[PDB]
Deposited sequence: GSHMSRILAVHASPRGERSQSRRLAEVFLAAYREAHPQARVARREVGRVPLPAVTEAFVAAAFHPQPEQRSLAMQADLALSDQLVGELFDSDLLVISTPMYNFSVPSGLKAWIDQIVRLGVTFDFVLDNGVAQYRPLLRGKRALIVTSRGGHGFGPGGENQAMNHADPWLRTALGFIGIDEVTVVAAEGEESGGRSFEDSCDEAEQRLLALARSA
């Protein structure tokens, strides 16, 4: 009933991954007029990469002692993770760029995987529970999905699963458009989610 929608393509109207995701979102809203949708742009807008300053603050041995400056370094991070915590369903839209994802999406992941917040260690455990994710991806070529010619070259959505998995999001569904099929699948998913 609460959705965080992460859009990774730098394109606007011409983005296919973005359009497909919004088709899901509109469908889902009709089925649940009560639902909140929060949108997080990581494609058309620059998302800062993790810096050395970020590392120092994020892996501080005594976080309660972080200075004001260090909290500033982690402010966007906190905002990004909060959005996640507040969501029930995470929708990520993304193209396949060079066998992986656009750099902004990688940076988003880099901001949201946080020691003591989304994962812990003692061995690593995940901290997020109750969430599912839907990944809408668009590829220019073909054969990157399960059983495909090029499956092994796919470091986009399969990498996302690993990273989402690390933090606890293990119920993930992937809808891909390569080369109307996906749109229909997305509508069906919107009706039953």
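Unmodelled segments of the deposited chain, in sequence order: 1 to 4, 127 to 132, 190 to 201.
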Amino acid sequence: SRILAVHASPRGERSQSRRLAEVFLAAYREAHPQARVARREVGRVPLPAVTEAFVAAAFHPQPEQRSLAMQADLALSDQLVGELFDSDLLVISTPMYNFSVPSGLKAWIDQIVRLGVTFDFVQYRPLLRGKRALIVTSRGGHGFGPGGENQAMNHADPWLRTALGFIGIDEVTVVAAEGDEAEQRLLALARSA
From here on, numbers count along this sequence of modelled residues.
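In this entry, the higher average B-factor at the C-alpha atoms falls on 28 to 36, of the pair 28 to 36 and 65 to 73. In this entry, the higher average B-factor at the C-alpha atoms falls on 140 to 148, of the pair 140 to 148 and 155 to 163.
For residue 79, the recorded CA temperature factor ranks within the lowest third of the chain's modelled residues.
Among the modelled residues of the chain, residue 119 sits in the lowest third by CA temperature factor in this PDB entry. In the PDB entry, residue 12 places in the middle third of its chain by CA B-factor. Among all modelled residues in its chain, residue 129 ranks in the highest third by Cα B-factor. The deposited CA B-factor of residue 5 belongs to the middle third of values across its chain.
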